[PDB]
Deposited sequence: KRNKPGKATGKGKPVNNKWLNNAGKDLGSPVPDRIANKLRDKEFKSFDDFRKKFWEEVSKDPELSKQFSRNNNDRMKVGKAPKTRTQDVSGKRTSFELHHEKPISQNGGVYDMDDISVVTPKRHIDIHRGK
């Protein structure tokens, strides 16, 4: 399918509240780079998403050197130790309601589990 949506503007602490509520939204600038693009699967979208993030000066500076390297190859950045859950140690993309960036958010593993659990 194709990526659609506008996303939202974010500050210098974009994923600051990824472990609360529904997490952080897709940054508008990132949505502008992925919009109207086709992806074989959501996993492909996830990979492209993170790669785009590492190319955005304002967002990349919000991550350590090791996490930027991960995003650069399409992998999700590692979360803080306190936010992991078992072997799930990297940020995950949650579908609120599959390429509608306005229905996608970035959440920590711990929060992601709580969401689908009613919390």
Unmodelled ranges, which are counted on the deposited sequence from position 1 and given in order: 1 to 5, 103 to 109
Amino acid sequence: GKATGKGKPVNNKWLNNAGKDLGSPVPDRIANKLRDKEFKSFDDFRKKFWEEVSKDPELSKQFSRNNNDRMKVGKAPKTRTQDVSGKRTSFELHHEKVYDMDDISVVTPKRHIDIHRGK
From here on, numbers count along this sequence of modelled residues.
Higher-B stretch (mean Cα B-factor, as the entry records it), 82 to 90 or 31 to 39: 31 to 39
Higher-B stretch (mean Cα B-factor, as the entry records it), 69 to 77 or 45 to 53: 45 to 53
Where the record places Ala18 (Cα B-factor, split into thirds across the chain): middle
Where the record places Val106 (Cα B-factor, split into thirds across the chain): lowest
